[PDB]
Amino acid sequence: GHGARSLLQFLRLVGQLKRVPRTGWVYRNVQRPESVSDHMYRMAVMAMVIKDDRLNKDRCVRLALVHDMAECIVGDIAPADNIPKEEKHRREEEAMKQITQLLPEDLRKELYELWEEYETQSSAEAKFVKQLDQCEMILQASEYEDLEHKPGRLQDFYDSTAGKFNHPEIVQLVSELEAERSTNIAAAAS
(Lines of atoms letter the chains of each structure in order from A and count residues from 1; the text may use other names and numbers.)
(Lines give C-alpha, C1' and ligand atoms only; values in the text may rest on other atoms or scores of the structure.)
Protein backbone atom coordinates (compact mmCIF):
# COMPACT_ATOMS: atom_id res chain seq x y z
CA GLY A 1 0.00 0.00 0.00
CA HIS A 2 2.79 2.45 -0.86
CA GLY A 3 0.32 4.48 -2.92
CA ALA A 4 -2.05 4.93 0.02
CA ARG A 5 0.83 5.58 2.39
CA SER A 6 2.28 8.27 0.11
CA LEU A 7 -1.10 9.93 -0.31
CA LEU A 8 -1.58 9.96 3.46
CA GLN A 9 1.86 11.53 3.93
CA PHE A 10 0.86 14.13 1.33
CA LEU A 11 -2.38 14.94 3.16
CA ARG A 12 -0.54 15.25 6.51
CA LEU A 13 1.83 17.77 4.97
CA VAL A 14 -1.18 19.65 3.59
CA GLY A 15 -2.74 19.48 7.06
CA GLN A 16 0.27 21.37 8.42
CA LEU A 17 -1.14 24.45 6.62
CA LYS A 18 -3.83 24.57 9.32
CA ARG A 19 -1.07 25.09 11.87
CA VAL A 20 0.88 27.75 10.02
CA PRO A 21 -0.43 31.12 11.22
CA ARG A 22 -0.30 33.88 8.61
CA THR A 23 2.92 35.70 9.52
CA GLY A 24 1.89 39.31 8.98
CA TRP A 25 -0.87 38.97 11.58
CA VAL A 26 1.48 37.34 14.09
CA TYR A 27 4.04 40.12 13.58
CA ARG A 28 1.29 42.62 14.35
CA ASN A 29 0.11 40.91 17.57
CA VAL A 30 -3.26 39.84 16.18
CA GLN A 31 -4.97 37.52 18.68
CA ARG A 32 -5.89 34.11 17.23
CA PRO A 33 -4.63 34.82 13.69
CA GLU A 34 -5.95 32.88 10.64
CA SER A 35 -4.03 29.93 9.18
CA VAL A 36 -2.61 29.73 5.65
CA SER A 37 -5.40 27.30 4.77
CA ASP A 38 -8.06 29.85 5.99
CA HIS A 39 -6.53 32.39 3.59
CA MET A 40 -6.61 29.95 0.66
CA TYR A 41 -10.16 28.85 1.43
CA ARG A 42 -11.61 32.37 1.16
CA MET A 43 -9.57 33.04 -1.98
CA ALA A 44 -11.04 29.93 -3.60
CA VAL A 45 -14.55 31.10 -2.65
CA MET A 46 -13.76 34.53 -4.10
CA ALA A 47 -12.73 32.92 -7.39
CA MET A 48 -16.12 31.16 -7.45
CA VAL A 49 -18.24 34.28 -6.86
CA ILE A 50 -16.37 36.99 -8.73
CA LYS A 51 -17.62 37.12 -12.31
CA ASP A 52 -15.32 37.23 -15.33
CA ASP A 53 -16.28 35.18 -18.35
CA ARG A 54 -12.87 35.80 -19.94
CA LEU A 55 -11.37 33.62 -17.19
CA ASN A 56 -11.27 29.86 -16.67
CA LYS A 57 -12.85 29.76 -13.20
CA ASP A 58 -11.86 26.15 -12.51
CA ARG A 59 -8.23 27.09 -13.14
CA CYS A 60 -8.60 30.14 -10.86
CA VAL A 61 -10.00 28.03 -8.00
CA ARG A 62 -7.20 25.45 -8.33
CA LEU A 63 -4.50 28.16 -8.45
CA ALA A 64 -5.95 29.64 -5.25
CA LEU A 65 -5.82 26.23 -3.50
CA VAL A 66 -2.23 25.48 -4.57
CA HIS A 67 -0.49 28.87 -4.55
CA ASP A 68 0.66 28.89 -0.86
CA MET A 69 0.93 25.10 -0.55
CA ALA A 70 4.74 25.21 -0.25
CA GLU A 71 4.24 26.95 3.11
CA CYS A 72 3.59 23.60 4.81
CA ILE A 73 7.36 23.05 4.59
CA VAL A 74 8.86 26.50 4.13
CA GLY A 75 6.56 28.35 6.52
CA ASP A 76 4.91 31.67 5.64
CA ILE A 77 7.78 33.98 4.65
CA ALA A 78 7.04 37.68 5.18
CA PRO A 79 8.73 40.82 3.78
CA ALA A 80 9.97 41.52 7.33
CA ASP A 81 11.92 38.25 7.21
CA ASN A 82 14.30 39.82 4.68
CA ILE A 83 14.59 36.73 2.45
CA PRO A 84 15.81 37.51 -1.09
CA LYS A 85 13.04 36.84 -3.64
CA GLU A 86 15.23 34.33 -5.50
CA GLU A 87 16.00 32.48 -2.28
CA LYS A 88 12.31 32.37 -1.41
CA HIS A 89 11.53 30.99 -4.86
CA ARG A 90 14.28 28.37 -4.57
CA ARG A 91 12.99 27.20 -1.19
CA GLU A 92 9.40 27.05 -2.38
CA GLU A 93 10.22 25.28 -5.63
CA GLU A 94 12.26 22.67 -3.76
CA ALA A 95 9.41 22.22 -1.25
CA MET A 96 6.86 21.80 -4.07
CA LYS A 97 9.04 19.12 -5.65
CA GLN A 98 9.17 17.25 -2.32
CA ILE A 99 5.42 17.58 -1.78
CA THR A 100 4.30 16.57 -5.28
CA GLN A 101 6.65 13.58 -5.47
CA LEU A 102 4.23 11.89 -3.04
CA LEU A 103 1.57 11.89 -5.79
CA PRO A 104 0.94 9.67 -8.88
CA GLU A 105 2.79 11.14 -11.88
CA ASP A 106 -0.22 12.81 -13.57
CA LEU A 107 -1.19 14.63 -10.36
CA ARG A 108 2.43 15.36 -9.47
CA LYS A 109 2.79 17.09 -12.84
CA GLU A 110 -0.55 18.89 -12.55
CA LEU A 111 -0.05 20.26 -9.05
CA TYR A 112 3.49 21.36 -9.78
CA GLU A 113 2.50 23.10 -13.03
CA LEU A 114 -0.30 24.98 -11.24
CA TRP A 115 2.17 26.31 -8.68
CA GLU A 116 4.55 27.20 -11.51
CA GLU A 117 1.73 29.03 -13.33
CA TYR A 118 1.04 31.15 -10.25
CA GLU A 119 4.73 31.89 -9.67
CA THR A 120 5.16 32.92 -13.31
CA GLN A 121 2.34 35.50 -13.31
CA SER A 122 1.81 35.34 -17.07
CA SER A 123 -1.64 33.82 -17.49
CA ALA A 124 -4.71 35.97 -16.91
CA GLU A 125 -5.86 33.46 -14.27
CA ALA A 126 -2.54 33.71 -12.39
CA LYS A 127 -2.68 37.53 -12.35
CA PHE A 128 -6.31 37.40 -11.23
CA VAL A 129 -5.47 35.06 -8.32
CA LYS A 130 -2.59 37.36 -7.29
CA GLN A 131 -5.13 40.16 -6.99
CA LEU A 132 -7.45 37.87 -4.99
CA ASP A 133 -4.54 37.16 -2.67
CA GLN A 134 -3.98 40.86 -1.98
CA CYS A 135 -7.69 41.63 -1.74
CA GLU A 136 -8.33 38.78 0.71
CA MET A 137 -5.46 40.05 2.84
CA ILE A 138 -6.66 43.66 3.10
CA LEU A 139 -10.19 42.43 3.75
CA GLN A 140 -8.81 40.29 6.58
CA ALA A 141 -6.83 43.31 7.87
CA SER A 142 -10.00 45.38 8.19
CA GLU A 143 -11.78 42.49 9.92
CA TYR A 144 -9.05 42.30 12.57
CA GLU A 145 -9.19 46.10 13.04
CA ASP A 146 -12.96 45.86 13.53
CA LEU A 147 -12.69 42.93 15.96
CA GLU A 148 -10.11 44.85 17.94
CA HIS A 149 -12.01 48.15 17.84
CA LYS A 150 -8.77 49.74 16.60
CA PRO A 151 -9.59 51.27 13.22
CA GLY A 152 -6.57 52.08 11.08
CA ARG A 153 -4.17 49.98 13.16
CA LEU A 154 -3.16 47.78 10.22
CA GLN A 155 -2.64 50.65 7.75
CA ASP A 156 0.80 49.31 6.70
CA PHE A 157 -0.97 46.43 4.88
CA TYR A 158 -3.09 48.87 2.85
CA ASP A 159 -0.08 51.02 1.95
CA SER A 160 1.73 47.94 0.64
CA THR A 161 -1.08 47.18 -1.85
CA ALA A 162 -1.19 50.70 -3.31
CA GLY A 163 -1.60 50.51 -7.09
CA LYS A 164 -1.83 46.71 -7.17
CA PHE A 165 -5.49 46.30 -8.08
CA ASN A 166 -6.82 46.53 -11.64
CA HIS A 167 -9.44 43.83 -12.16
CA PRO A 168 -12.85 45.50 -12.65
CA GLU A 169 -14.70 43.44 -10.04
CA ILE A 170 -11.89 43.38 -7.47
CA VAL A 171 -11.47 47.12 -7.83
CA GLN A 172 -15.13 47.69 -6.88
CA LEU A 173 -14.66 45.47 -3.82
CA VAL A 174 -11.53 47.27 -2.65
CA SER A 175 -13.07 50.71 -3.23
CA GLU A 176 -16.11 49.82 -1.14
CA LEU A 177 -13.88 48.38 1.60
CA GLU A 178 -11.67 51.49 1.60
CA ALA A 179 -14.61 53.91 1.58
CA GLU A 180 -16.10 52.17 4.62
CA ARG A 181 -12.73 51.85 6.36
CA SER A 182 -11.41 55.39 5.72
CA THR A 183 -14.70 56.95 6.77
CA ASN A 184 -14.66 54.90 9.98
CA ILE A 185 -11.09 56.02 10.71
CA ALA A 186 -12.01 59.68 10.14
CA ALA A 187 -15.03 59.39 12.45
CA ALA A 188 -12.98 57.67 15.17
CA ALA A 189 -10.35 60.41 14.86
CA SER A 190 -13.03 63.07 15.36
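Residue positions are given as counts along the sequence shown, with the first one as 1.
*Asks:* Out of 79 to 87 and 107 to 115, which stretch has the higher average CA B-factor listed in the record?
*Replies:* Of 107 to 115 and 79 to 87, the stretch with the higher C-alpha B-factor average is 79 to 87.
*Asks:* Highest mean C-alpha temperature factor of the two stretches 122 to 130 and 46 to 54, which is it?
*Replies:* That would be 46 to 54.
*Asks:* Out of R153, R59, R28, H149, which shows the largest CA B-factor listed in the entry?
*Replies:* By C-alpha B-factor in the record, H149 ranks first.
*Asks:* Looking at the temperature factor on the CA atom of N166, which third of the chain's modelled residues does it land in?
*Replies:* It belongs to the highest third of the chain when residues are ordered by C-alpha B-factor.
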